[PDB]
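Engineer: Experimental structure and its sequence below.
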Amino acid sequence: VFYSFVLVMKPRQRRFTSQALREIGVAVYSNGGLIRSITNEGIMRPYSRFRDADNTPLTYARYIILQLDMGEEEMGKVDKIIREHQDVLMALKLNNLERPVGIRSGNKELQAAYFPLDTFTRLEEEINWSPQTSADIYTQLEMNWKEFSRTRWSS
Amino acid sequence: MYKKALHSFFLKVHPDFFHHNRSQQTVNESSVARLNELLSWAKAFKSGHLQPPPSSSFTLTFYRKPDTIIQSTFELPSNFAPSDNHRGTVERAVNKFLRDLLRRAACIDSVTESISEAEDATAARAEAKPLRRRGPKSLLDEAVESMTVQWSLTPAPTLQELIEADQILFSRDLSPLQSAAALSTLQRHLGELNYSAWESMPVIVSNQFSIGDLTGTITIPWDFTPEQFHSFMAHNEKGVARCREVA
Amino acid sequence: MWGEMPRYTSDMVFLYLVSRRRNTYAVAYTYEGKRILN
Amino acid sequence: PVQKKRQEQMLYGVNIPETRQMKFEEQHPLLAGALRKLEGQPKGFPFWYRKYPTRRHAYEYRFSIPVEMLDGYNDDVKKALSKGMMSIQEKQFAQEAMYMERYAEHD
Amino acid sequence: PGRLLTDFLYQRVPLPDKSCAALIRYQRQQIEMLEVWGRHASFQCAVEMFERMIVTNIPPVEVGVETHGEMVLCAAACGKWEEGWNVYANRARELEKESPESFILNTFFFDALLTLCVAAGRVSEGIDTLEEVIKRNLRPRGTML
Amino acid sequence: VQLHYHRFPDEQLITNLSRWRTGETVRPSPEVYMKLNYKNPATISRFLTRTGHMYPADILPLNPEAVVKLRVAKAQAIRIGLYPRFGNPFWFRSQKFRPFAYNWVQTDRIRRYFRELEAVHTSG
Amino acid sequence: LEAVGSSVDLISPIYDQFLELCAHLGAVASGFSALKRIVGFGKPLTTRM
Amino acid sequence: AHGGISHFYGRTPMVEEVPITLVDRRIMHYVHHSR
Amino acid sequence: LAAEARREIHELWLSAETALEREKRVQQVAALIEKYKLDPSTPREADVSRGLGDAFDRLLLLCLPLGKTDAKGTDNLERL
Amino acid sequence: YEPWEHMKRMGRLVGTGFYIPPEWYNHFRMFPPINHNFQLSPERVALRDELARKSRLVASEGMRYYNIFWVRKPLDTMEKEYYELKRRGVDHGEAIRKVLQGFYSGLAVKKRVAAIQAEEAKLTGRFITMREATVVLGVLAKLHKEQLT
Amino acid sequence: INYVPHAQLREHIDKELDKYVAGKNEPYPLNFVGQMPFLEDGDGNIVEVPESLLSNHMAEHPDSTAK
Amino acid sequence: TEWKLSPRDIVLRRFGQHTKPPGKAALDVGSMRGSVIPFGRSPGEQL
């Protein structure tokens, strides 16, 4: 993925959240960009939060994942819009996707021994594995699991 | 050297590839067990501790998949003895037998079998007039290592795993003490004599010498001797195979 | 918020004990956030 | 390290060894490759490899991907690999590759 | 240039139209020096400087015809016809009509307009601007022609 | 019925297969590396002992790549709003990693099973 | 041109015009030998060629 | 805010659930080791 | 059916090694292709091609020398 | 302060002709002081890991038959079948696909044999297995202990 | 990779927002962090809170109907 | 593409270029008490 964005936003009404997401998508499309995936992780319970528009230190927020393929000139505009949006409490940008983190710190041999195409072609979920997912699931993908997952409740 | 030829031969003659003919499969199992014993005691001879062969002369029979019957006879020399000269010459004898078996299987090539014959003739010439001298393995060494690492008979199930296998049964006709007598002192040190092909047959203990009353199972009375069990399974071998096939 | 983090109760009183190099302080507060005693 | 970076930037597969497994792939098998059901059936032998000896011959798309390689792919992927998405390093290499094409003695 | 304007305002000097236009022209030189994919940040810096010049009441700072023309030149160099023609040229014209003779449009302003028209590909607007220059009874420039 | 209640029902096919992998007669793991990211507070808490501050004792065996990845993952988690500045929520969870008696309640079930088996035997 | 680099792709029209020139000149051997160059470039043959 | 969830509720480095004299001594020993 | 196709390909290869007409070999390879259904539209099941192995390349090379101008004699190679 | 320096000094002292050499000088000329300077198969392992990973998942979730015994026999037969495919043809992807098919077929047939034998024995009401017998013995012993207490 | 087109923007964001709705039931997919988000009935209405933090949630906000 | 360079700025060292000049190496000339002879005044020395 070119760029990833995690948006922590105040859990406003459905119409307001939809309008904010629509504005973000319209800006991304108008700036000559593409959205790989937009997902809503629901309302969670962060350890600490402090709103900026309402100045209320309360722990209630919603998380959203947005994957983009945009150039730097337009990604600057998109980042500015997202950061200046009143609803976006905290936006974090992952730009360390096409290159593994800290290969230079790791070793000089690994500095030029990586292929960016694999990371670019894979989605953000494969780049950063979720706790519930596993390589067991990945191998179950190519094991013809439909014809095998038939006695999973035989006991 | 002979690695590819031995791999092809074991692929052709391995019993695990013949499920349609259980008789052929068990014949191949017995033949490969005898071959493994032959190679083991030949390696013992080569190392230096010499013991009488289990069978000085015997015929080994194998069956080959289409893509006949391969029977090769191993014979020991008349002057065979635990002497060092016969220790050296039995290696050539077993190499000749193995190369004959491979040639009948058609896996080896004419050039490589001629090379083996040349090596045997060279060793025979050298053992007469003493020489001096100061690497690739032989056919026997390649065969033993391939049998150990790649083409080996699956280990026989132990009674501990047979407990959870749902294959060991005993009825109320006999007491738990009798069942324990039938199990503990008759399976720990007496399971080596039992046939490998028999290992897939569920075992029941009951006061009767019958070939089984359930589907695909056989029963043996408690406090039996291993010789008596061997005699019974030699008396009846077709019924157990047919029952396993129909099950 | 979850896991090993303790889950408080509205009846429990939070006592703060702050020791200094040459002083010490003991204060208490209710769950609502009121000073039980100075 | 600088010479390795320049060599990788100028040439296609210098970092790939004969075993076709980089050191990073050796140490992190999961981050290097993933499982994909669709087989590479359309991808056969590249019959257009004669015209792309070095990266400087293909500065039109990201990662110096030849145009012929994007045939059975969507216009979305084409736009994602178009010129606008090229990074700063990619654009600088495109400029220097244009100049090398203009003033080069051989490939 | 932003730090330059900040230092001038900190020194509290009465920046005239020539000084404001000089600062904007320095910013424009930086813009045209920078690469094509690096013009947006510089243009934003230019508009921030323009806002500061507009809203700084003390010291006396005047935004004149030359400064507006330089902002139009910045917009042309960046490549923003919508942001340049409909905003800064319109603001300059409104200032001229609001203040009689205090915001007269020089040949430089119309040269900037023609530069923007050429950069954006606008031909009708460029012809209209040149015709306006001709009608206002002042000679054009060689660059304008 | 079971003689003993093993830790996992598939332990027989898990532990035996794991032992057999190496072949017998009877530095971060890749999985935790891919798990190591901002959205996995458990993994970073494994290497962060007690308070959020890390310690060089685990750094010494761990690769510098792993160390920098852990640092950036912790920073990103803090910025996104989880895994707070001080203290690791999964401390005792990481402490696991260290960075023929039949019950009377089963006896009744077995007896009911045998009564049903008696009924089945009478039926058949 | 082949020895030096290039980014644009005019190989097919270039060889088509070269084959037309060989047709006008009578260079059947050169026209037939350009087919090997076309094959090496991987371009398909044309009815005009 | 010093009630319920507080400002230092997320910034508390060491938490031990329940005598507490042993806990306090152990925490002081750990702090002494750290410093 | 894979082993049967393998031995059939071996017999066809020995027949082609023996003096045979080019049209005859074209007919033989086309008949084998149609009887074993070596078609791109065949699904994963009953796909003899995936199991042919050496027979696959043998059949691939069996048809080329007899190309001539027959449309079938070209499209059999195209299908393979 | 070196053995070589001492030897050289003694030698050049003797060379003057006015110093009777000690015996150790000639002896160390004969024996000079010691100097300190001037000085399983990886492919088989990978295949076994692949087949184990493809078998454990299908046996744990797909099959849910944790009571499979003598798992070495199906595993070894499947490995030998993989080799047979590798020799009969190219069979890389085809062999990988047939791995799971063959292993699942073997597990299914063994499980069906075990289930039908157990159900037939239970319906007949005879042929109680060893696990059931020993569980009966254990629960009877526990009830005996309870009655004693 | 199934990209998000320009047309299917509202019709995708609405579905993403209603991914977690009480009425739909079904096994709700775990979030990216691997936990259970607060199930919302609609327009920001907390209904279901995880049992691990239910006590803390009730203590912080009393008279809240959640399970 | 474009070269927006300025020789006047390059020569006048606008933006403050720096060259890291040599230090005592150029300045030092040794003692000039006598004449420079081959192998120096004291060829070879033992410490």
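Structural biologist: Happy to help now that I have it. Residues are numbered from 1 along each chain as shown, chains lettered A, B, ... in the order given.
Engineer: Restricting to C-alpha, output stretch B:174-191 in PDB.
Structural biologist: What follows is stretch B:174-191, C-alpha atoms only, in PDB (Å, rounded to 0.1, in the frame of the first residue of the first chain):
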ATOM      1  CA  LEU B 174     -12.800 -63.200  31.100                       C
ATOM      2  CA  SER B 175     -11.900 -61.300  34.300                       C
ATOM      3  CA  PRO B 176      -9.800 -58.100  34.300                       C
ATOM      4  CA  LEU B 177      -7.000 -60.100  35.800                       C
ATOM      5  CA  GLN B 178      -7.000 -62.400  32.900                       C
ATOM      6  CA  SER B 179      -7.100 -59.500  30.500                       C
ATOM      7  CA  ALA B 180      -4.100 -57.900  32.200                       C
ATOM      8  CA  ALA B 181      -2.300 -61.200  32.000                       C
ATOM      9  CA  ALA B 182      -3.200 -61.400  28.300                       C
ATOM     10  CA  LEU B 183      -1.900 -57.800  27.700                       C
ATOM     11  CA  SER B 184       1.100 -57.000  29.900                       C
ATOM     12  CA  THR B 185       3.200 -60.100  29.600                       C
ATOM     13  CA  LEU B 186       2.100 -61.000  26.000                       C
ATOM     14  CA  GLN B 187       2.500 -57.600  24.200                       C
ATOM     15  CA  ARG B 188       5.500 -55.900  25.800                       C
ATOM     16  CA  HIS B 189       8.300 -58.300  24.800                       C
ATOM     17  CA  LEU B 190       6.200 -60.600  22.500                       C
ATOM     18  CA  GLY B 191       5.100 -57.900  20.000                       C
END
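Engineer: and it, anywhere near chain F?
Structural biologist: No. Stretch B:174-191 lies out of reach of chain F by C-beta under 8 Å from any C-beta of the partner chain, never closer than 14.0 Å. In short, each C-beta sits where N, CA and C put it, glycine included.
Engineer: Check what contacts that stretch and list those residues.
Structural biologist: B:156, B:158-159, B:168, B:170, B:205-207, B:220-224, B:226, J:130, J:133, J:137 (C-beta atoms under 8 Å, 6 or more residues apart in numbering or on different chains).
Engineer: and the residue of chain D nearest chain E?
Structural biologist: Using C-beta to the nearest C-beta, the single residue of chain D nearest to chain E is residue D:91, 6.7 Å away.
Engineer: swap in chain J?
Structural biologist: Using C-beta to the nearest C-beta, the closest approach of chain J to chain E is made by residue J:93 at 44.5 Å.
Engineer: Quick check: the gap between that residue and chain I.
Structural biologist: Distance of residue J:93 to chain I, computed by C-beta to the nearest C-beta, to the nearest Å: 8 Å.
Engineer: what sits against that residue?
Structural biologist: Taking C-beta under 8 Å, 6+ apart as the test, what residue J:93 contacts is D:39, I:50.
Engineer: Give me the nearest residue to residue E:1, chain neighbours excluded.
Structural biologist: Counting by C-beta to C-beta, 6 or more residues apart in numbering or on different chains, residue E:1 lies nearest to residue E:27, which is 4.3 Å off, once chain neighbours are set aside.
Engineer: Buried residues, the helix or strand that contains the one you found. List them.
Structural biologist: Element membership of residue E:27, judged by DSSP states H and E, is helix E:17-33. The neighbour-count check on helix E:17-33 (16 or more other C-beta atoms under 10 Å in any protein chain shown) flags E:17, E:19-28, E:30-32 as buried.
Engineer: Check which helices and strands the helix or strand just after it is in contact with.
Structural biologist: Under the assignment DSSP H and E, the closest C-terminal helix or strand after helix E:17-33 is helix E:39-55. In terms of contacts (3 or more C-beta pairs under 8 Å, 6 or more residues apart in numbering or on different chains; DSSP states H and E), helix E:39-55 is packed against helix A:72-84, helix E:2-11, helix E:17-33, helix E:65-78.
Engineer: what about the residue of chain D closest to chain E, distance to residue A:79?
Structural biologist: Using C-beta to C-beta, to the nearest Å, residue D:91 is found at 19 Å from residue A:79.
Engineer: swap in residue B:158?
Structural biologist: 66 Å.
Engineer: Most proximal residue of chain E with respect to chain A?
Structural biologist: Using C-beta to the nearest C-beta, residue E:37 is the residue of chain E that sits closest to chain A, at 4.8 Å.
Engineer: Not counting residues beside it along the chain, what's closest to that residue?
Structural biologist: Among residues not flanking residue E:37 along the chain, residue A:73 sits closest, at 4.8 Å (C-beta to C-beta, 6+ apart).
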